[PDB]
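Asker: Questions regarding the structure given below will be posed in turn.
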Amino acid sequence: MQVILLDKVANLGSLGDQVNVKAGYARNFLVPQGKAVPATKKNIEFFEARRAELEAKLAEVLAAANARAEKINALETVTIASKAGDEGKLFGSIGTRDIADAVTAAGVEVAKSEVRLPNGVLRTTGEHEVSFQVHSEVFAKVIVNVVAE
Amino acid sequence: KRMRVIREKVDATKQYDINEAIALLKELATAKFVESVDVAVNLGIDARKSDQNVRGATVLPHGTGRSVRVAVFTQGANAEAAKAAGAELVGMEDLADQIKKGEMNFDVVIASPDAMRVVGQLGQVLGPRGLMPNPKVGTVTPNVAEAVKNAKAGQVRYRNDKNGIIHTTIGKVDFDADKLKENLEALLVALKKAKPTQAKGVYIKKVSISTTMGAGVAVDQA
RNA sequence: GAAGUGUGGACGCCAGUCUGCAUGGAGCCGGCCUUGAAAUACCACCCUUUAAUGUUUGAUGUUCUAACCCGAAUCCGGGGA
């Protein structure tokens, strides 16, 4: 039963992964639950059309984002206050969720996934340069100012 | 190694023509003396069956007469008849050891039917070189005295081994492009005419050229 | 497809030739062409050995995640392949 796995494959598989699975089992589970779609000339022409349309419609949100972020370097700093006292250090740390919620309160809609933060760097009170990941190909950075509270 | 640039020579996939085969047979000498180029081919026959075997002679392009060194193997009084005959080398089955040993200095070998089975056992060495005595070749017969005398009349016998392959010296290594191709065509023509009636399918699955050691060259019999 | 000769060089370890070089005597293509201690030519087999590189498959270890498990009314949280 050649079907197109769209859900679970590698995080996502809404591209075109045709695989022969169990017959009857897929028509009772995979399909009803919305996880895969049969691989039939009209359909392949319809779904593969989404691929072209995806790259065709694509960049307005990226081009506008980059230009929007470039404008931030004109507005500057994003002050964030947190408890501190350990000789410059804080008692805690500003995680990704705190950044996304703080940076958004500034005037930009950014998720936590877009906040590239390998390790909690925000531990001291001062000026830091956080890195962001708008896309696997597009990156950026923001200047944050940790204030002593 | 001694094969590094020898491989750049021919194209294992390409099947060169005869003229090109000899022209390409060239490009492949720069060694020592002059290797007697032979012709190896895979016949589509059944080695086991006798009616399938292929043996004969072909008048290729030198080396006949008093010069030819004859080696006779007989038994009993036949030994004396061979001596008085004029055979340079004479002896019984005992001389089969010195041959098995090394001693190869001899152009042709004649023998009697009574010692053919023991000589046949040691035919693996003389077989390919076409030195093994055979009836049709008029090499084996009671009147050995007449055989050796008749010798020096002028044939490059050919036979297919157990593997089903048959080869024979077309001449030497280089040789003017014209001369070799001239002999290759002759050998092929003599082989096709030797194809057994019962043999079905493609007789010559693949023709080529061979002797001692060298790169590879496939050719078209046509 | 310049190298070979006779007296000169190298990247993993040991020798015949080969290439863009440089040159002479050793001869022109050679080297080639019958010495006990110094010896010969063109398409497949067998140990094929050893070494290096690339690809595929299997097993083990480590890390990351959409599974899965638990807490919560929910959001969500903890854990975690």
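In order, the residues displayed for chain B correspond to 6-227 in Swiss-Prot numbering, which applies throughout.
According to its header, the structure was obtained by electron microscopy, 15.0 Å.
In case you wondered, yes, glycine gets a Cβ from its N, Cα and C as well.
According to Swiss-Prot, the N6-succinyllysine annotation covers B:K105, B:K154, B:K186, B:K197, on the basis of experimental evidence.
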Asker: Measuring Cα to Cα, how many Å separate B:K197 (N6-succinyllysine) from B:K154 (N6-succinyllysine)?
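Answerer: Their Cα atoms are separated by 32 Å.
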Asker: So which of the modified residues is most packed in, judged by how many other Cβ atoms lie within 10 Å of its Cβ, out of B:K154, B:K186?
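Answerer: Max Cβ neighbours within 10 Å, all protein chains included: B:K186.
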Asker: Cα distance, B:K105 (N6-succinyllysine) to B:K186 (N6-succinyllysine), nearest Å?
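Answerer: With the alpha carbons as reference points, the distance is 35 Å.
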Asker: Return the residues near B:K105 (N6-succinyllysine) by Cβ distance under 8 Å, restricted to its own chain and a separation of at least 6 in sequence.
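Answerer: Set apart from B:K105 (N6-succinyllysine) by at least 6 residues yet with Cβ under 8 Å, we have B:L127, B:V130.
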Asker: Please report the number of other Cβ atoms within 10 Å of the Cβ of B:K197 (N6-succinyllysine).
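Answerer: A count of 11.
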